[PDB]
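Asker: Input: one structure, supplied below.
4 protein chains.
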Amino acid sequence: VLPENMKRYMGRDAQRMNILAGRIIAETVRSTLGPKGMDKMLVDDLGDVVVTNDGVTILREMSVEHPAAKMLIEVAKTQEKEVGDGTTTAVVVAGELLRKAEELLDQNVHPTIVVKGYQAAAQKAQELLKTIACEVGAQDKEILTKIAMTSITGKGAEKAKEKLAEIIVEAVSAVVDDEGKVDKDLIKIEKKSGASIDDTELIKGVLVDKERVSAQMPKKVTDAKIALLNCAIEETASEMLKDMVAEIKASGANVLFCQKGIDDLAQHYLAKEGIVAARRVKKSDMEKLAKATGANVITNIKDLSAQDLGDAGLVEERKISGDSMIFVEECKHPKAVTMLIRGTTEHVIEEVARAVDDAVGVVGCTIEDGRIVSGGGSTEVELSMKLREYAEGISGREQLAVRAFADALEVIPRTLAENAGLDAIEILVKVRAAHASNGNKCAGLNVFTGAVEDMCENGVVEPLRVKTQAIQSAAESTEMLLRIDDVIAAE
Amino acid sequence: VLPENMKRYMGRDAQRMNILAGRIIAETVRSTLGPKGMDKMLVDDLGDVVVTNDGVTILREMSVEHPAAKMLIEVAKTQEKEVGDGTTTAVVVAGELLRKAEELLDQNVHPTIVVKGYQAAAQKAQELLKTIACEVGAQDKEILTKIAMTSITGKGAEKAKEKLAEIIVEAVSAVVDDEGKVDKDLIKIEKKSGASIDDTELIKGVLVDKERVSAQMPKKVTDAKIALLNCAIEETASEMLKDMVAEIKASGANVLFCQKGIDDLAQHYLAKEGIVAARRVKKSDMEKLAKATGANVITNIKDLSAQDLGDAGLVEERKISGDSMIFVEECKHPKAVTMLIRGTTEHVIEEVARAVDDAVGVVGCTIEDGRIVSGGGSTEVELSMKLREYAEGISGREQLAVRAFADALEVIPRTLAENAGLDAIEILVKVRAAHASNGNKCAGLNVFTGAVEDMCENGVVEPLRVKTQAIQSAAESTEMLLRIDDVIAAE
Amino acid sequence: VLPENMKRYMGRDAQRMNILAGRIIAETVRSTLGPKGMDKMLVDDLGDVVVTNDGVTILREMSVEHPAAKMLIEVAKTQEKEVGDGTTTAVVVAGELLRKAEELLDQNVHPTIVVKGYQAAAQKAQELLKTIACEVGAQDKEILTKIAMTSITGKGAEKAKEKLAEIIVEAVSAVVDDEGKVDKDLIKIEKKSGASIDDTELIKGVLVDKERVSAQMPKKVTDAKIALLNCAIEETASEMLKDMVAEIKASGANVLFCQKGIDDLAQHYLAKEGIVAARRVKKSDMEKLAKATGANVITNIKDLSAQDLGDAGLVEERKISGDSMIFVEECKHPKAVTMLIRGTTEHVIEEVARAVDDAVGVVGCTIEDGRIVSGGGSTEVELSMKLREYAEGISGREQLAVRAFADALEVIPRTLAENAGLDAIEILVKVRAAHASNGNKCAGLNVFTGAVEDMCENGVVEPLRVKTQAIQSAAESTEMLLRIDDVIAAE
Amino acid sequence: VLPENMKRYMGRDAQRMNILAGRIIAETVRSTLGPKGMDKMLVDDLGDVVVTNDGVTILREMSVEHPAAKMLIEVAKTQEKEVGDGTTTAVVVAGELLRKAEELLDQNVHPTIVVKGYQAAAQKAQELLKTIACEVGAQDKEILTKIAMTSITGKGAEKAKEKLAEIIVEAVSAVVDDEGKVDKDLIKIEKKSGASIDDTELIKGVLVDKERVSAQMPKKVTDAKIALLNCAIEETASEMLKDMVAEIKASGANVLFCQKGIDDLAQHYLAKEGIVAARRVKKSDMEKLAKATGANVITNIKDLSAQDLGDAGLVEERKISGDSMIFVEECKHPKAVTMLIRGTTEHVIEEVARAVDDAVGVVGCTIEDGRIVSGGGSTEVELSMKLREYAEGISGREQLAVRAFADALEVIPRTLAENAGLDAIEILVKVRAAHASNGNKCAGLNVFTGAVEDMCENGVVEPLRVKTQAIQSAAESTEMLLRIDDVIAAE
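Chains as they are written, first to last, in the deposited numbering: chain A, 1 to 491; chain H, 3438 to 3928; chain G, 2947 to 3437; chain F, 2456 to 2946.
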C-alpha cells in the first residue's frame, strides 16, 4: 500500500522523529533571542544577501521540509501578522514545548495526558500575562518609544535604536488618526545606503523610488496637483497621444504618477506643459499617494478630471547617495507616511528596515491594546514560577505535562543570557528567586549588563499582545501537534 | 530537513569557515595597496583582458561564491560609489578585522564581546580621522592635484600622474559649477591607444566615438546648431523620409545626433542640406550633449524646433590613431566635459582610465568635504596608536576586541611596505614610533623611498572621506558580520 | 570560493607560469625575424592556407589561450596599426624582456624593482633611438625605396623586392597628396596568380574584382561617366525597373557600380543603353571609386543626377589569367590607387601582398616622421651597449633590471643571425665591438653576407617609428605585465 | 596554450613530417607520368566512378588533409589553369624537390641555404628551357597535332590519339579567330558511349544534351532563327502564356532555348507555331549559343525582338546511342564549337574527355607562345646535366641544394621508364650520356620502344609553356615551402 522509500514510524518513534523536526527549528532560531540576541545571514533564490534577526523572516525564507518543522513557520507567521516582533520567541517556545513533551512521552506518559496538561498550563499562562499586564497610555510617547527601542534591540540596528524609535512612534501616530486601529500598510519602509542611521528620517507624505521620465521636465513642483493614472500613456499617432497629455493639463494636473508606462512622445509633450511625470509606479504606491494627497486613481484618461487630483505642498525630485527619488510631501491630511532609512551599508539598512518593521508594529499593538508587560524574559519567569505551583495543585498525570510546559517557557530567560554571553544556569537561579521575592515588575534578565535587574524600572517593556500571541501560537501549536500521531504526505 | 551535500558548521566552526572566506578576499586584494601597490589582470566573460588596480573593479568582476566573501564586495561598492578610491583599503581592513576577530573567537571570547569592542573602536576611529583632519580649500588647485596624483599612484598610470592630475582637477572644477556638489557622471572618460599618456587631453564639451554617417557630409561645422533626436530617422517612401530631413534643416539644425538609426536615404539628403549626422548615439551621450550644448532631446521630429537646438562653437570629425570621433567643443556654458586618454597600448590606457576614474572622484570628495588627511598609512597608524590606549582604558573583555581592531588596521602600513619591497616589520616599528614622537602630520610610510617620512610635508594626502568611508564600510561590515552565526542559502 | 579545475599559483609561481606563456609566443615568432628571416604556414577556420612572415598576422590568426600570451598579440596589433612592419620585433622583445624578468624574479629581486628598472631602461631606449635617428627627405624616392625593400626582406617576396619597392613608394606618394599624412586605406592590394612578381603593377585609379553583368554590355568605356549606386536595382514590373535604368542614362552615366544586386531585367536594358554595370560591389570599393573618380555614392536612384557622376578616362573589363576584372583608370585627380600583384602561385602572391602591406606602411611612416634609423639589429645593439652603462650608472637593485632589459634587446641581433644560418654568439661579439669602435651608422648584422657590416652604408634602414613603436609597445607591455601578480578569469 | 591532441614538431622534426606529406602525393601521382604512364580510378561523393590520368583531377578530387600535401594540389591547379597538361609533372617534381631537400636538411644544411640554392637552380632551369626552346609556327597543323597526340598519351585514350589530335587542333583554330589568344571555354567536350573513339567528331556550332519538349514539335529546322530566353516560359492563365509564345513567333524565331523551364501549355502552342523548344538549358550553353549563332540572351520576353535572334543553317534533334541531343550547326561565324566523343564505354569516353581536355589546352599554349620543347623527359635531362655543372660553379653550401634540385628533376626520366616497364637506372645512364654527346634535340626517353631516342625527330614534343610552368609552380612551391618552419591550424 505504502511507497517503498517513504519512512513510517509508530508510537514513540513517530513522535520522536516528528517532534525533533520542530525542535531543530527552535535550536536554530533561539540564537536571535533577546535585546543582545544575534543575527543571521540569509541568501535568497536570486543570490541577494539579507542580514536579519527577524524570526519570521528566517523561517519564511529558509527551506524547511518536514511538516512539523513547517508548523513553527506558521507560528512565526501569525506572530508577524498580528504582532510583528516576538516571532522567534513564539517558535522557540513551541519547539521547547515539543522537546519537553517528547521527554515526557519517553517517560511513558500517554499522549492523552500531554495534550491535556499543556492545554491547562497554556490557558493559565494567558491569564497570568493578562494578570500582571500594566495599563499604559495608548498614545503615550514615552512607553511607545520604550516598546520601539526594545523591539529594535537584538538586531544590528540597535546601535541607533533611539533615533529610530522616535520616527517609528511618530509614524504610527501620524497614520492611525483616531484611537484607534493601526495598520502597518500605511507606513512605508524605504532604505538607501549612505550616511548613518541617525540620518534616517520620516517624510510626512509619500516617498517613491521613481525618477522624472524626461530631462526637460521640472525637478520641483510647488502647490502640486497630483494625478494618478493606471492606464499606460501609450497611443499610436501623435495627435491621439498628445490628446491624453492635453487632458492631464486640462484637469489642472502638474504631477503625474502612472502605474504603467509612459511613451517617450508623451514624456516630451508633458515636459512642454510643465507636467512632471513618473512611469512604472508601484500599484501599492499609487494607493499610498491616493491616501496621502487625496488623489484619485483613475482608469481612463478620458475620465480624469480636476476633482480626481490630490494636493501636496511639495513634489520634488531629490538625489540621495546619487539615486534620484520623488518626495510627495506637505499633504493636507495624509493617511500614509514614508520613512527613508540611511546607514553605512545596504546590508545594514536592510537590518534597520527589519528593526523598524517590528518596532512600528508593536508600537501599534499597544495603541490598540492598552496593556504592556515587562520584557527581558520577566513574563516567562512569572509563568514558570506560577505554573510549577499550578502543576502541584493539579496533580495526577497532568502535573508532569504542566511541569514540562512551565520548564520549557524558561527557554527565553535561558537563551537571553546564553547568546548574551552570560551563564544561563546562574542567571536563571538569581532571576527566578529575585521574581518570587521582589515581585513581578522587579525581575527579568538585563542582558545589557548581564545580570538580574528590574525590567519595568529600566524601560525594558513589550506590549501584552507580543507575549500573549507568542504563548497562544506557541502553546496552541504544541497542544495541537501533541494530538497528531500520524503524518500522511501525498506524492 | 537539510539537503545532503550542503555543509553546516556550528559555534567556532561556523565562524571559522565563514570568516575565512572574507579573509581570502583581503589576502587577494592587499597586493594593490599603496602608491607603490601592484596590479591585477582580469579577463571578462567575452575574453576581453583588463589591466587594473581598482579594488572594486577586481571584486565586481571576479566570481565570488561565499556570502561573507561577497560582503567585502559590498564594502568595495560603497567605497567606489561614495569615494572612488580606497576600495582595496576598505576591503582589506574588513578582512583583517575578520581575521583578528576569528583569532579572538578561537581564544574563547564570546561573540557578544567581539561585536561590542569592534563597535567601540570603529566609533572612535571615525572621530580620530575627523580629529586629525586638516581643513583645506575646497577648490584649491594644489591640494586637489595632490589628491589626484596620490589617487593615481599604485597603478600602471602613475608614470604620468602629473599630467593626469591637472586635467582631472580641471575636469571637476569645470562641471561642478557652484561650491558645490560634484557628480562624476558629467565627466566622461574616453580612451584610444596611440602616443603617450602625456598626450591625454581635456575637451571642453562632449567627445563621442561616432562617425559621419555619409561620405558626402561636411567634416567640420562652425557655430554649430545641434539637434538631439531619439526617434530613428527611418521612414517608408522617399517623400515622408525627406520631410523629416527637411524639418531638421527648417529648425536651423546643422549637426544631428540620433540616438537610434539613420536610414541611408536620410543620410544622403542630410548631406545635400549640409547637415552632419551620426547614428546609434549612446542615450547617455545624448544627455551629455544636452547638458553641454544646451540642446534638447526631442522624441518626435515633428516636435523639433529651433528652440530645441543647442550651441557649440565647433563640431568636427577628427581621426585619432585612424579611428574617427566627433568633437563637440567650444560650448557656451557646458555642464559636461570629456577627457580623451592616450597611451602606448589599449591595456595601458585602460589602467589610466581606472586611475582617472578614482582620481576625478576623490578630487570631488574634497570639494564637498573640505577636510583632508595624510596618506601613506599615516591615518591607520594614528588609529592603531590611540585605539591600543583606548583598549586599555576600556578594559574587561572589550579591550581584546579593541586591540584586535587596532592591530588589524595596521594591514595598510603593513602591505604598503610589503608590496613596495620594504620590510613590513622594521618599517612599522620605525613609523609607529615616529608618529608618537613627531606627531600626526609627521609620519606614515613613504613607499617611494621605502622609509618613514612626513606624508603631509611631501604632499602624500587623501580626502578625509576616503579614509572615513573606508573605516565606516570596513568596520561596520565586520561588526555586522560578527553578529551573524547562521548562514542559510536558498536552493 | 574558487572553481576546482582552475589553476592558481602565487609569488614566483604565479609569475613563472604566466610569464612563460608570453615567452612561448616570442620563441615561436622569432623565426620570422630579419631580412633573411623565415616564414610560417597558417590555415584558417575555412581550410584556406596562407603563407606569411607578418608577425601580427601570425598572432591574430593563431589560437592563443593565456591572457599574457594574448598581450603580445596586442603588441603586434599596435605595431601593425601604427607601423605595419616590425610586428615580430615588438613581440619577441616583449617576450624576451619577460624571459629575463622571470630569471630576475628567480634571483629574488622584488617585483617593485623589475617594474622600475625596466621603465628606466625603456624611457632611455626611446631617447636613444631618437638620438641616433637620422633626418631624411620625407618624400625622397631613394630612402623610401630602401625602407620598402628592407621591409619586404625576410619574406618569400624578397626575390623581387626591387620592383615592389618602386610601385609601393609611388603608391604612397600618389594618394598622400600633401606633405603630409599617409593612410594605407587609399592603397588597395589586389593579387592574382600568373606570370611573375615583376609583372606586378600599379593602376592609377581603382581596380575591382568584378565583371560586366551582361554579355551584351560594352567591354570598354572611354571618357567614362561613373555612377555609384547603393540601392539594389531590383523592381517588380518591367516599367518601374526600366525607369531606374532610364534615370541612370538620363544623368549621363555610362558606367554603373552597384553595391547591391542588379536584376537580370535591368542588366538587359542597361546593355541596350550602352551602360556597363557591375553588381555586388564591395562597399569599401564604392568609397575607393568615389575618391578616385570623384563619383558620388547615392542611395535613391531618384536622387542620382549628372552632378553625382565621377570621371575616369578609361573603364575597361580585362582578363588576367582568365579571370575578368574592371579597371577604372586615368582619373583626373584620384585619391586612391590599386596595385595588382602577379606571381607564380596564389600562395606566393599572398606573401607578396603581405610584403607590400608592410612596405607601403613604413614608407608612409617616414613621410610623416622624417627620421630614419639603421636596421639589421643596429639599433638594438646601440641600445644594449648604452643601457648596460646606464645600468652601472643607476646602480642599486635597478641595475639588474636595466641589465636584463638591455640583454633582452639583443634577441633581434641574436635571431637575425640564428635563422640566417649564422652563429649568434660569434656575430654578436663582432657586431657589438664594431658598434662601440666604429660608431652608430657603422655596425649591425648583414644577414645577406652573414657578417657585421655598415647597415646605413648598405641601405639597410628602417623608419624611426618602426623601432620606436617596437620598443614602446614591447617595453611598456613588459613593464605593465610586471605589475600584474594576479590573473582572474571569468567563467 | 596549445590544444592536447594536436601534434607539434620543431627543427628537423617539423620539416621531416611536413615535407613527407608532400612527398606522399608525388609518390602517388608519379604513376601517371609519361606517354606510357598509367591511370587511376577515382570515386566521387555520389558513387560515380571516373577513369582518368589527369594529375590535377586526381589531386582535386582526392581528400588530402595536410597543408603541405595540399600545396602540391595548388601546383596542379595552376598547371591545369595555365597549361592543362603536365599537372602530374609539376607535382611530382615539387614533391621530389621536397624529398631531396629533406635529405639535405638531415645532413644539417641550414634552411637558409636550401631556400637559396633551390631558388638559383630554379631561376636557371627556367632560362635553360627558354634556351633550348625551338620556335615553331603558332598555327602550324603538324606541330600542333604532335602536341595534341603527346598530350593524349599516357591515358586510356591514346589508342586513338591520331583522330583526336585532328579535331582538337581544328577545334582550337576554329574558335581562336585571330593569332591570337586561346580560351578553352569556347570548346565544349561532350561524351556519349557507343561506337569507337574514331567516331568522335567536331561540330561547327553548339551541341547541347537537350530534347524537344513536345512530341508535336518539328525535329528539324532549316535556316534556323534562334532565340535565347532566360525567363521561364510559365504564366498563369492561357491568354497570358500564349502571348509569350506569340511574341517568340512574332520576332520570327523558329528555335527556342530557354535557360529555365517551359510550361506544358507553352510547349503545346509552340508546337502549333512550328517553334522547336528546349527547357532547362545550361546558362553556359546559352552563352555558347549566343557566341556561335550570334543570338542574344534576353531576359524579358517582352524585350525579345527579331534583332535578338541568331542564325544557324541547321538546328536538328538527333539520337546518338538512343539519347536525343540538339545540334545547332552551320552557323555563319561561330566562336564556339562542340566535340562529341564516342567510345566503347562511358568510362572510356570519360578518359578521352580528359585526354582532349589536356590536348586542346596545350595546342592553344603553343599558338600563344610560339616556342616548343622536346618531351619524353628530354628537358629535365638537359636541366639536370647543366644544373649539376651549375652547382659546381656556385660552390659553397648552395652547391648541395642545387645538386639536390638537379637530381630531383630526374624523377620524370626516372618514372617515365619505371611505369613504362623499363629499367629506370640503366635508361637514365644511357639517356643522360646520350644528351651530353648527341645534343638537346637528340635525347630523352622513348617509352614506346623503351630506349633512349631522339624525341624531336620522333615528334615527341610539348609546348614550352608546359615545361616552364611545370618548373615554375613546382620549384617555386618548394622554395616557398622551404621557408616555412611553423604550421599553425585554426580549430
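Here a beta-carbon is modelled for each residue, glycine too, at the ideal position from N, C-alpha and C.
What residues in the stretch 3491 to 3505 of chain H bring their beta carbon closer than 8 Å to a beta carbon of chain G?
Answerer: Within the stretch 3491 to 3505 of chain H, the qualifying residues are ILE3495, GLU3498, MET3499, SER3500, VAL3501, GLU3502, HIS3503.
Asker: State the beta-bridge partners of F:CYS2713 as determined by DSSP.
Answerer: Residue 2713 of chain F sits at position 258 when you count from the first residue of the fourth sequence. Bridge partners of F:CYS2713: F:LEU2684.
Asker: Should H:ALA3912 and H:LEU3534 be called a contact, given that it needs their Cβ atoms to be closer than 8 Å?
Answerer: In the second sequence, residue 3912 of chain H corresponds to position 475, counting from 1. In the second sequence, residue 3534 of chain H corresponds to position 97, counting from 1. Cβ atoms of H:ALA3912 and H:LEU3534: closer than 8 Å.
Asker: Starting from the Cα of H:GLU3767, find the closest Cα among H:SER3758, H:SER3761, H:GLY3747 and give me that residue.
Answerer: By 1-based counting over the second sequence, the position of residue 3767 of chain H is 330. The shortest C-alpha separation from H:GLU3767 is found at H:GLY3747.
Asker: What residues from chain A crowd round H:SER3914, counting only those whose CB sits closer than 7 Å?
Answerer: On the second sequence, residue 3914 of chain H is found 477 positions in, with the first residue counted as 1. Neighbours of H:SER3914 on chain A, chain order: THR345.
Asker: Closest by CA to A:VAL176, which one among A:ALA278, A:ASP199, A:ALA292?
Answerer: Against the first sequence, residue 176 of chain A aligns to sequence position 176. Selected option, being the one with the closest Cα: A:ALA292.
Asker: Using a threshold of 8 Å, state whether the C-beta atoms of F:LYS2646 and F:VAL2807 are closer than that.
Answerer: Residue mapping note: residue 2646 of chain F aligns to position 191 of the fourth sequence, counting from 1. Residue mapping note: residue 2807 of chain F aligns to position 352 of the fourth sequence, counting from 1. Yes, Cβ-Cβ distance for F:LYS2646 and F:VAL2807 is below 8 Å.
Asker: Which whole runs of the alpha helix (DSSP H) in the stretch 3054 to 3101 of chain G are 4 residues long or more, in chain order?
Answerer: Taking only runs of at least 4 residues, the alpha helix (DSSP H) segments lying wholly in the stretch 3054 to 3101 of chain G are 3057 to 3078, 3087 to 3098.
Asker: I need the straight-line Cα distance from G:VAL3348 to G:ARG2962, nearest angstrom please.
Answerer: One-based indexing of the third sequence puts residue 3348 of chain G at position 402. One-based indexing of the third sequence puts residue 2962 of chain G at position 16. One C-alpha to the other measures close to 20 Å.
Asker: Let's see if you can read the secondary structure: which residues bound the alpha helix (DSSP H) around F:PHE2782?
Answerer: Counting from one through the fourth sequence, the residue named residue 2782 of chain F turns up at place 327. Counting along the chain, F:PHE2782 falls outside any alpha helix (DSSP H), though it belongs to the beta strand (DSSP E) covering 2778 to 2784.
Asker: By Cβ distance, which residues of its chain are closer than 7 Å to H:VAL3493, with the 5 residues on each side in sequence left out?
Answerer: Within the second sequence, numbered from 1, the residue matching residue 3493 of chain H stands at position 56. Only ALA3513, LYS3514, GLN3516, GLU3517, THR3524 meet the Cβ criterion.
Asker: Can you tell me which of F:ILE2775, F:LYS2704, F:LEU2514, F:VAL2710 puts its alpha carbon nearest to the alpha carbon of F:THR2677?
Answerer: Within the fourth sequence, numbered from 1, the residue matching residue 2677 of chain F stands at position 222. Considering only alpha carbons, the answer is F:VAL2710.
Asker: Is there at least one Cβ from chain H nearer than 8 Å to residue 498 of chain A's Cβ?
Answerer: Past the boundaries of the shown model lies residue 498 of chain A; chain A is included only from 1 to 491, so the question cannot be answered.
Asker: Taking the alpha carbon of H:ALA3558 as the point to measure from, which residue in H:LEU3901, H:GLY3887, H:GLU3817 has its own alpha carbon closest?
Answerer: Within the second sequence, the letter at position 121 stands for residue 3558 of chain H. It is H:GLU3817.
Asker: Quick check: what's the CA-CA separation for G:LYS3101 versus F:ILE2474?
Answerer: Counting from 1 along the third sequence, the entry for residue 3101 of chain G is found at position 155. Counting from 1 along the fourth sequence, the entry for residue 2474 of chain F is found at position 19. Roughly 20 Å between the two C-alpha positions.
Asker: Any idea which residues DSSP pairs F:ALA2733 with across the strands?
Answerer: What you label residue 2733 of chain F is simply residue 278 of the fourth sequence in a count that begins at 1. Looking at the DSSP assignment, F:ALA2733 forms a beta bridge with F:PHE2712.
Asker: My output table needs one value for G:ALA3436: the three-state DSSP class, helix, strand or coil.
Answerer: Here residue 3436 of chain G is taken as the residue at index 490 of the third sequence, counted from 1. Of the three classes helix, strand and coil, the one that applies to G:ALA3436 here is coil, per DSSP.
Asker: Going by C-alpha distance, which of A:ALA278, A:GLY459, A:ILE394 is nearest A:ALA232?
Answerer: Stepping through the first sequence from its first residue, residue 232 of chain A is reached at position 232. Ranking the options by Cα distance to A:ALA232, first place goes to A:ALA278.
Asker: Using a Cβ-Cβ distance under 8 Å, would G:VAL2947 count as near chain H?
Answerer: Counting from 1 along the third sequence, the entry for residue 2947 of chain G is found at position 1. Taking Cβ atoms only, chain H reaches closer than 8 Å to G:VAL2947, which makes this a yes.
Asker: Excluding the 5 residues flanking H:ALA3703 on each side, which residues of the same chain have their C-beta closer than 6 Å to its C-beta?
Answerer: The residue you call residue 3703 of chain H lines up with position 266 of the second sequence. If we look at H:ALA3703 and ignore the five residues flanking it on each side, its Cβ neighbours are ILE3670, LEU3678, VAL3682.
Asker: Just curious, the beta strand (DSSP E) that A:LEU340 is in, first and last residue?
Answerer: As a working mapping, residue 340 of chain A is identified with position 340 in the first sequence. That run of the beta strand (DSSP E) goes 337 to 341.
Asker: Distance check for H:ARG3649 and H:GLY3698, CA to CA, integer angstroms please.
Answerer: The count along the second sequence starts at 1 and reaches residue 3698 of chain H at position 261. The count along the second sequence starts at 1 and reaches residue 3649 of chain H at position 212. Each residue's Cα considered, the two are about 13 Å apart.
Asker: Expressed to the nearest angstrom, what Euclidean distance is found between the alpha-carbon atoms of A:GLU317 and H:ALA3727?
Answerer: For this step, residue 317 of chain A is matched to residue 317 along the first sequence. For this step, residue 3727 of chain H is matched to residue 290 along the second sequence. One C-alpha to the other measures close to 19 Å.
Asker: Excluding five sequence neighbours on each side, which residues of the same chain lie with their C-beta closer than 8 Å to the C-beta of F:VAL2564?
Answerer: For this step, residue 2564 of chain F is matched to residue 109 along the fourth sequence. Same-chain partners within the cutoff: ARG2852, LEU2855, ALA2856.
Asker: Spatial neighbours of residue 3395 of chain H within its chain, please: CB distance less than 7 Å, with the 5 preceding and 5 following residues excluded, ordered by chain position.
Answerer: For residue 3395 of chain H there is no data in the structure shown, the boundaries of chain H being 3438 and 3928.
Asker: Go ahead and pull the three-state DSSP assignment for A:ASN446.
Answerer: Taking the first residue of the first sequence as 1, we reach residue 446 of chain A at position 446. A:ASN446: strand per DSSP, three-state reduction.
Asker: Which ranges does the alpha helix (DSSP H) cover as unbroken runs of at least 4 residues, wholly within the stretch 339 to 408 of chain A, from first to last along the chain?
Answerer: Fully enclosed alpha helix (DSSP H) runs of 4 or longer: 346 to 368, 378 to 394, 398 to 408.
Asker: With a threshold of 16 other CB atoms inside 10 Å of the CB of A:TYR9, please say whether the residue is buried or exposed.
Answerer: Here residue 9 of chain A corresponds to residue number 9 of the first sequence, with the count starting at 1. Flag for A:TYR9 reads exposed.
Asker: With a cut-off of 8 Å on the beta carbons, I'd call F:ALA2615 and F:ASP2653 a contact; round off their distance for me.
Answerer: The count along the fourth sequence starts at 1 and reaches residue 2615 of chain F at position 160. The count along the fourth sequence starts at 1 and reaches residue 2653 of chain F at position 198. That pair is a contact at about 6 Å.
Asker: What are the start and end residues of the beta strand (DSSP E) that includes F:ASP2499?
Answerer: For the purposes of this step, residue 2499 of chain F is identified with residue 44 of the fourth sequence, where counting begins at 1. That residue, F:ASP2499, is in no beta strand (DSSP E); it is neither H nor E in DSSP.
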